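Note that these values count all heavy atoms, side chains included, but never hydrogens, waters or copies made by symmetry. Letters A, B, ... mirror the listed sequences (proteins, then strands); counts begin at 1. Whatever order the structure lists ligands and atoms in, that order sets their numbers, starting from 1.
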Amino acid sequence: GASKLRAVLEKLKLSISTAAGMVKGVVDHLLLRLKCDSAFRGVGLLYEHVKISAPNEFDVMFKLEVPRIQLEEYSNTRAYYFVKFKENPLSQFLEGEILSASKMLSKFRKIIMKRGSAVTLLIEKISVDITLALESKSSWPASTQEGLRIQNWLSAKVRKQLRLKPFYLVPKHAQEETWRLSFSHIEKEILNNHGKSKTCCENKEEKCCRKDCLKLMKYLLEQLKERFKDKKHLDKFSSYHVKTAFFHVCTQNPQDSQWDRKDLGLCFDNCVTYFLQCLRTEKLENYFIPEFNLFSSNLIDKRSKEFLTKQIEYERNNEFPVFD
Amino acid sequence: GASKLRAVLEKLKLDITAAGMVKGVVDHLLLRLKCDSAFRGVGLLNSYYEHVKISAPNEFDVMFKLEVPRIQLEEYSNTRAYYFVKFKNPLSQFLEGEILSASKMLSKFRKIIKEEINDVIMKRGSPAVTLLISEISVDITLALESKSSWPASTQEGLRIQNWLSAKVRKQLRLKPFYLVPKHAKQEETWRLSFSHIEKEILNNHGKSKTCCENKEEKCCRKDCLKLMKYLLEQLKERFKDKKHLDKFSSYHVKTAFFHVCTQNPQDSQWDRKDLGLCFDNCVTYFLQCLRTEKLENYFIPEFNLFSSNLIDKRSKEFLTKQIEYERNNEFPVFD
Ligand SMILES: Cc1nn(-c2nc3ccccc3[nH]2)c(O)c1C(c1ccccn1)c1c(C)nn(-c2nc3ccccc3[nH]2)c1O
Ligand SMILES: Cc1nn(-c2nc3ccccc3[nH]2)c(O)c1C(c1ccccn1)c1c(C)nn(-c2nc3ccccc3[nH]2)c1O
Ligand SMILES: [Zn+2]
Ligand SMILES: [Zn+2]
């Protein structure tokens, strides 16, 4: 039954660098204007399409390095932090000793169109969501110590090299002045360098279906969210849950031969299965922050997960009619 | 006879505390050099110390790097490896016309180091300075760092695509390259250096990313390289009172080994069980390079390390005879 999945992927691919050229013009302009300011002088780039079905909705991130940062964990949430400082161009945005996300974002929007993580620009069909992020080159927070468990797949050496890279903090409510950990750069680097073999997907002998499986999962969730957009059951699910579950599946299946392209049908099915399991048991560990449960009852209620479970099982039993 | 090979490797493994002493000197030198405007951005390539000889644990090798932004290279004759350094300036005090003088820069480098050393002893281009700590030796090399694109002479080198992948080769070529002062057969030229890339490929050396991180994936690449280098070191020692082997170096061994890695890209061609054959096939390849007088620089394909203009055929024939004898008699020089 994988032929239908292949048809779906063909249609998704036929739907580019033009629109991105327009977006690039606008983003370079905005970054120059921001760089003229004392507080955002170090602003910089770390295009991405959050929804695979929306080729004209872009997502970019403006970073800003914060040297010698001091993090205060909010409420043992493992993912949300106050940003204190350990000579400070962000002093304009302090509320006591904490960097205020409110003031910083207010000024950021000022320099920058439409309304945490911060601005939606139009450039008649193209939309661009811009998120502000602090960059830190300090070691990763202690809540990540047991995350990114790629040692049996991409290797312990790669894990060390990745953990030597910066981490990011985006403004997000937990209490209004908290910042949330972001590792989207690591997710991207893994997705584009995803095999146990370094030449994975560089030759016919070593073609795998990891990326295709992820795209099919994201498209399944997007189609289901669209179809039931009039109900509220699926409003809290996002491609972040899909990507986290996909990375967990990659950890469970670390060999390239478990992702042979010929087995797309099974591989995708496996992905679906794991996601469904996560829904039923209400457990989806953040891939980088293992004590953060994205499927906690404090975040998504039981009924929403049961509804998504039923809809997905229906789709799989009927060869995914929502793909059409 | 692979058991003897593994015995040799065991003995080579069995103090490197010594580095401590090395570090103590190195840091201090770097402190002093950083007070000068010309050497303001000096640092360690980074690992403070390396060893060019597997059998000289007290003989260390250090590279001090210094970034030259907006560098302009001009290739000497068509050497493909040697260049004059010009600029597109804290180094303007060493400028002879429009070209950076290796002689003046080196003179100042060693002057500063000598004055700092006096507060260790100094021995009199590339290993700019040799310091003897206590009774421990440290060869220090000055290198310019350029973060611009690699020179055009390297465009078809580093052919690791079928071994370490094309993505890895692109990432490696995005790293800086280095220029070490070195005279050419002309005394104000600089020679390309990629020893950082060499270290990276040796310590991340398999097609599989988990090569040598578990029992199922142990390969014998590093052991074959160690055995080749020990073979050369022992042969150069045994015949050091003749000049026949003075021009051969661990660089030749390493270059030939990397070529063999390109020829045998699969981890299953380096299974630890097959150490004996793998090493043999390394020796053979090196031998081939000696007979045909051809050993392309792994990063600069048109620079022939075994050219008749660099090493004459008498030396290559002597080394071939010695190596073939050793291989036919189960390597008694290892003892
Ligand atoms: C990925 C992502 N898909 N996505 C999405 N998928 C859709 C599918 C159909 C229709 C609409 C859709 N919208 C979305 O809205 C995000 C955002 C995001 C995208 C861009 C900018 C900001 N946010 C995000 C979220 C919802 N959660 N999240 C996150 N939760 C965390 C918890 C702990 C630690 C880190 C965390 N990161 C995150 O990054
Ligand atoms: C000679 C040498 N050419 N070379 C080189 N030639 C090039 C030609 C074109 C492009 C790049 C090139 N790089 C190089 O990088 C060295 C180094 C070295 C190191 C530090 C400073 C200067 N050169 C070295 C090594 C790698 N081994 N080695 C050595 N092996 C020994 C074994 C036994 C006994 C003594 C030994 N000495 C040694 O001298
Ligand atoms: Zn692949
Ligand atoms: Zn190995």
Side-chain angles (χ1 to χ4, degrees), chain A residues 155 157 191-203 206-213 250 256-257 259-261, chain B residues 51-56 59-63 79-83 125-130 139-143 151 153-154 157 165 167 177-182 184 190-195 198 202-214 217-224 228-237 240 245-255 261 267-268 270-272 295-307 310:
Chain A
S155 78
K157 192 197 317 274
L191 258 159
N192 288 312
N193 190 355
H194 57 241
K196 172 179 284 310
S197 166
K198 289 163 185 174
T199 45
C200 184
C201 287
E202 290 191 350
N203 60 59
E206 304 182 78
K207 278 311 191 331
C208 89
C209 59
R210 284 183 177 90
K211 289 180 150 190
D212 283 338
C213 282
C250 287
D256 293 343
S257 52
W259 294 93
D260 198 297
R261 180 160 172 280
Chain B
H51 292 77
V52 308
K53 289 186 53 186
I54 55 64
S55 56
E59 292 182 21
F60 290 80
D61 188 89
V62 184
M63 179 166 322
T79 52
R80 311 262 196 252
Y82 294 84
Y83 299 80
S126 178
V129 131
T130 300
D139 292 289
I140 306 150
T141 289
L142 175 63
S153 65
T154 72
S165 82
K167 163 184 329 279
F177 67 95
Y178 296 92
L179 270 175
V180 176
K182 185 77 189 175
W190 303 72
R191 192 176 66 194
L192 287 178
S193 188
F194 295 104
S195 57
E198 300 169 24
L202 270 162
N203 293 309
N204 198 355
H205 59 246
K207 173 173 284 309
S208 167
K209 289 158 192 181
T210 46
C211 189
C212 287
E213 294 194 352
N214 62 62
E217 298 179 86
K218 292 273 164 106
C219 87
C220 67
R221 283 180 178 97
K222 296 182 80 170
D223 283 355
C224 283
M228 286 302 276
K229 286 177 51 120
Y230 188 42
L231 178 60
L232 185 57
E233 291 172 29
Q234 292 299 288
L235 288 173
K236 289 181 71 176
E237 217 80 271
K240 70 186 183 176
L245 298 186
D246 283 352
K247 283 185 168 179
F248 298 102
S249 71
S250 74
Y251 195 73
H252 297 128
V253 171
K254 274 185 262 143
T255 308
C261 286
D267 298 341
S268 62
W270 296 92
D271 197 306
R272 173 148 281 305
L295 179 61
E296 299 178 358
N297 181 289
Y298 195 73
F299 299 86
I300 312 162
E302 297 181 296
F303 194 90
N304 181 2
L305 295 162
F306 279 174
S307 171
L310 298 176

Q: With A/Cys201 as reference, evaluate A/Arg261, A/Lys211, A/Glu206, A/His194 under the side-chain contact (heavy atoms from CB on, under 4.5 Å) test and give the passing residue.
A: A/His194
Q: Provide, to 0.1 Å, the distance between atom 21 (C) of ligand 2 and the closest protein heavy atom, together with that atom's residue and name.
A: B/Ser126 OG, 3.4 Å
Q: Could you please spell out the steps behind the side chain to side chain contact (heavy atoms under 4.5 Å, CB included) verdict for B/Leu310 and B/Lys247?
A: CA-CA 8 Å; B/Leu310 298 176; B/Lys247 283 185 168 179; 6.0 Å; no
Q | B/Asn297 neighbourhood, listing ligand 2 atoms whose heavy-atom distance to it stays under 4.0 Å | A | 9 (C), 10 (C), 11 (C)
(Q) The test is side chain to side chain contact (heavy atoms under 4.5 Å, CB included); show your working for B/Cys261 and B/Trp270 and say whether it passes. (A) CA-CA 9 Å; B/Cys261 286; B/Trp270 296 92; 4.3 Å; yes
Q. Counting distance only, does the side-chain N/O of A/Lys196 pair as donor-acceptor with the main-chain N or O of B/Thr210 below 3.5 Å?
A. no
Q: Check for a donor-acceptor pair, side chain of B/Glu233 on one end and backbone N or O of B/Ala56 on the other, with a separation under 3.5 Å.
A: no
Q. Taking the non-hydrogen atoms of B/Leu305, is any one of them nearer than 4.0 angstrom to ligand 2?
A. yes
Q) Does atom 18 (C) of ligand 2 have a protein non-hydrogen atom under 4.0 Å from it? A) no
Q: With heavy atoms only and a cut-off of under 4.0 Å, state how B/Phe303 meets ligand 2: side chain, backbone, both or neither.
A: side chain
Q) Judged by atom type as modelled, is there a donor-acceptor pair below 3.5 Å linking the side chain of A/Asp256 to the main-chain atoms of A/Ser197? A) yes
Q. Looking only at protein heavy atoms, which one is nearest to atom 38 (C) of ligand 2, and how far off is it?
A. B/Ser249 CB, 3.9 Å
**Q.** Mode of B/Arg191 contact toward ligand 2 - side chain, backbone, both, neither (heavy atoms, under 4.0 Å)
**A.** side chain
(Q) Would B/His51 and B/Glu59 count as a side chain to side chain contact (heavy atoms under 4.5 Å, CB included) here? Give the steps. (A) CA-CA 6 Å; B/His51 292 77; B/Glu59 292 182 21; 5.6 Å; no
(Q) Using heavy atoms and a 4.0 Å limit, tell me yes or no: is B/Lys254 in contact with ligand 2? (A) yes
Q: Supply the atom-to-atom distance B/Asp271 CG to B/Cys220 SG, rounded to the nearest 0.5 angstrom.
A: 7.5 Å
Q | Rounded distance [0.5 Å steps], CD1 in B/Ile54 versus CD in B/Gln234 | A | 7.0 Å
Q.
Nearest non-hydrogen contact with atom 27 (N) of ligand 2 belongs to which option: B/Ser250, B/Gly125, B/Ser153?
A. B/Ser250
Q) Relative to the ring of B/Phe194, is the ring of B/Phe299 parallel (under 30°), tilted (30 to 60°) or perpendicular (over 60°)? A) parallel
(Q) Tell me the protein heavy atom at minimum distance from atom 15 (O) of ligand 2, and give that distance in Å. (A) B/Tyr251 CD1, 3.6 Å
Q. Can you list the protein N, O or S atoms less than 2.8 Å from the Zn ion (ligand 4)?
A. B/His205 NE2, B/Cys211 SG, B/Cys212 SG, B/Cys219 SG
Q) To which of B/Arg80, B/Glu237, B/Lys236 does the heavy atom nearest atom 37 (N) of ligand 2 belong? A) B/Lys236
(Q) For B/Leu232, which part has a heavy atom under 4.0 Å from ligand 2: side chain, backbone, both, or neither? (A) neither
Q: Please lay out, stage by stage, how B/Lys53 and B/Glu237 fare under the test side chain to side chain contact (heavy atoms under 4.5 Å, CB included).
A: CA-CA 11 Å; B/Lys53 289 186 53 186; B/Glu237 217 80 271; 3.4 Å; yes
Q) Are B/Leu179 and B/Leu192 close enough that some pair of their side-chain heavy atoms sits under 4.5 Å apart? A) yes
Q. Is ligand 2 under 4.0 Å from a heavy atom in the side chain of B/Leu192, in the backbone, in both, or in neither?
A. backbone
Q. So is B/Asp61 in contact with ligand 2, going by heavy-atom distances below 4.0 Å?
A. yes
Q.
Side chains of B/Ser153 and B/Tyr83 only: does a donor on one sit below 3.5 Å from an acceptor on the other?
A. yes
